[PDB]
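Architecture at a glance
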Amino acid sequence: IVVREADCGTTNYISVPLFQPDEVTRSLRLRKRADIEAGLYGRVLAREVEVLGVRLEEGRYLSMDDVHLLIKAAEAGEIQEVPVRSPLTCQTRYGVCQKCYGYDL
Ligand SMILES: [Zn+2]
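Within every chain, numbering proceeds from 1 in written sequence order, not necessarily in step with the numbering of the entry, and residues without coordinates do not appear. Only a portion of a larger assembly is displayed here, and every value given applies to that displayed portion alone. Side-chain figures throughout are based on the complete set of non-hydrogen atoms in the structure, without hydrogens or water.

Determination of this PDB entry was carried out by X-ray crystallography to a resolution of 2.40 Å, according to the record.

Within the PDB entry, the label attached to the protein chain reads DNA-directed RNA polymerase beta' chain, and the organism entered is Thermus thermophilus.

Here it is as structure tokens:
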């Protein structure tokens, strides 16, 4: 597996959950500031999301500052999932692309 690309054109994406079904039977709650971070830090937005006032555009890499906004938004109740590129859905057979990997070099 190696990053060798051009933005892989296949946009099939994963949606990262901000809520979990069962610590206590059923009660929706905001995931931890950590796990959520793990899921969306420096990722590439598959589709555009308008949340608290700002228009996170498509393909934008979300900084930790941005993944700090989305939670602040899920706190308010504006989003329950997040559209985002990922290696699980890449088209580059042997390899992964810039937009699907993300930030973290
Ligand atoms: Zn890709």
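1. Considering the side chain of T92
Each helix is a run of DSSP H or I of at least 4 residues and each strand a run of E of at least 2, with the numbering of both proceeding from the N terminus. In this structure, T92 sits in the loop between β4 (83–84) and α3 (98–101). When neighbours within four sequence positions are excluded, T92 is seen to be in contact with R4 and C8. The criterion used for residue contact is that any of the two residues' heavy atoms lie within 4.5 Å.

2. Quick notes on the coordination of the zinc ion
Surrounding the zinc ion are the protein donor atoms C8 (SG), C90 (SG), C97 (SG) and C100 (SG), at 2.2 to 2.3 Å. Counted as donors are N, O and S atoms no farther than 2.8 Å from the metal, or 3.2 Å for Na, K and Ca; water is not among the atoms, and sites may therefore look incomplete. In this scheme the shape depends on donor count and angles: four donors with every angle between 85 and 135 degrees give tetrahedral, four or six donors with opposite pairs above 155 degrees and others between 65 and 115 give square planar or octahedral in turn, and any other case is irregular. With four donor atoms in place around the zinc ion and angles of 103 to 116 degrees between them, the coordination shape is tetrahedral. Spacing between the donor residues of the zinc ion along their common chain follows C-x81-C-x6-C-x2-C. Highlighted residues: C8 in the segment before β1 (14–15) and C100 in helix α3, separated in sequence by 92 residues. Buried residues are those whose accessible area, probed at 1.4 Å on protein chains only, stays under 20% of the maximum for their type, while exposed residues exceed 50% and partly exposed ones sit between those limits. On the accessibility criterion, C100 (0% relative accessible area) is buried.

3. Considering the environment of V51
Counting through the fold element by element, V51 comes out in the loop between β2 (49–50) and β3 (55–56). Of the residues examined, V51 reaches a relative accessible area of 9% and is grouped as buried. In this structure the C-alpha to C-alpha distance between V51 and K99, which are 48 residues apart in sequence, comes to 22 Å. Contact partners of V51, with chain neighbours within four places excluded, come to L70, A73, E78 and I79.

4. Focus on the nonpolar core
In terms of nonpolar packing, the biggest core is built from 19 residues, with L18, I36, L40, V51, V67, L70 and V82 touching the most fellow members. Of all the secondary-structure elements, those providing two or more residues to this core are α1 (35–40) and α2 (67–76). Leave out the neighbours within four places in its chain, and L40 touches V16, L62, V67 and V82. The set of buried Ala, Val, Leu, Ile, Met, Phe, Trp, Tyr and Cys residues whose side-chain atoms join them within 4.5 Å is what this entry labels a nonpolar core.

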